[PDB]
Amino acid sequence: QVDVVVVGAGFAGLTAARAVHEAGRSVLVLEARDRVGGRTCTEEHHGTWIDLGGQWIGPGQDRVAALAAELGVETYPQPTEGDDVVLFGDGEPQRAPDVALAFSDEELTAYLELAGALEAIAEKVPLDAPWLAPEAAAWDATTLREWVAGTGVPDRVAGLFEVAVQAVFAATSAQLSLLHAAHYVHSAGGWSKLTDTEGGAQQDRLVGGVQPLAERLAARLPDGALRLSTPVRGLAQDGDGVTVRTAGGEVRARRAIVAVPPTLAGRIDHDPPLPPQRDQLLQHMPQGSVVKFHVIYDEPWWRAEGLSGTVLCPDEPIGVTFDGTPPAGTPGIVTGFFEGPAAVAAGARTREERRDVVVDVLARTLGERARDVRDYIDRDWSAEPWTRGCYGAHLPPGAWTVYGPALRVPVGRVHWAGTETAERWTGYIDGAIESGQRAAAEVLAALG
């Protein structure tokens, strides 16, 4: 019987396991995949790292910043300079020093007032208990889309805001409750923190990619602790401990920390079954929909044209793109996303069909040299059986106030982690780390 069994070796499970080990307790980590990192995933292609999962850290994300500094992983800045390209519907592409300058003063004022309005709501939502917001009932009953419509902002501003919503939530404004979106904005420290590159969540990358940071963290565990390729099928508990069922047999422990996405936590055979409010909460926490891609070129040829590599095309299937080129300056990479409905449509198509869509958008925005592609690498996170959607869960109307209170409450000897349980930077690697710290502290207090 080990003291603690952790299910899942993403940042949340690995943080929890390391904290349990450092306190002197025995720990086993059972991970379904043949690797650690979870929703972070890095592969070597073209002599450089390709982050198919989470890749950015930014100011305010102090847990992941501290971890990278502890484990010796350096950052490099997301490129910010050069003209952005904005394309509306059947128009011509417009170069602007920033995306914002493609809109009128009146449109930018309306967008800033709308974001400010959402921030002032967000500040009222308690980070550990969004269901305790004074207006929780009203705000849980309303979609974000209905709230945006009630502000009376013009179509164009609502459209621009929708690009930002889909980029942050991997879901449309109709899928999300206002209370969910408000909590998420509060959790990040504001709308600028979510959407800015400089000063926000897209500010910095990790030299070598993010999966190797998760691997350095896993290397702080003793040999024998990590069990890869070992999906957890069942989790039983009684008065003396827990029993984890895998295909290859059973693990006995005193307490468990389940650190997987909510939809996957619900699929484990729990004995006794989970209490109904918790089971139904997991039924109301669907993962987002995103296909993440990197377009590889021999060089970042757009830079010589004075272009950033960022394109904003609200009527195309892809979201905002980014210059993904490493510090070496080759290969040239354009990074982007299919989000929400567009990701579900794209996920039903082949890689080559997705490639063709992306290259056509880039040819029309960055220029005809976009067609001379060396490689196209993507990942539909909804097709990953051990994730079933990025970036993370969202809650539809009515879920936070009725089912949400079951989010973090331990069920006997079974404690919960994962970025969806974080108070701050929920949905991000930083929040995953928070959740693993919190769950470990719960378990260590319970064993004592």
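Residue numbers here begin at 1 and follow the sequence given.
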Mean C-alpha B-factor comparison - 329-337 and 130-138, higher one: 130-138
Selected stretch [higher average CA B-factor]: 301-309 or 273-281: 301-309
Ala181, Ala256, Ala188, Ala100, ranked by C-alpha B-factor: the highest one: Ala100
Criterion, highest CA B-factor; candidates, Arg233, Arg205, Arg354, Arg374: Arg374
Among modelled residues of the same chain, the CA temperature factor third for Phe293: lowest
Among modelled residues of the same chain, the CA temperature factor third for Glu146: highest
Third of the chain's Cα B-factor distribution that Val6 belongs to, per the entry: lowest
Record-listed C-alpha B factor of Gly209: chain third: lowest
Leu228 - Cα temperature factor, lowest/middle/highest third of chain: lowest
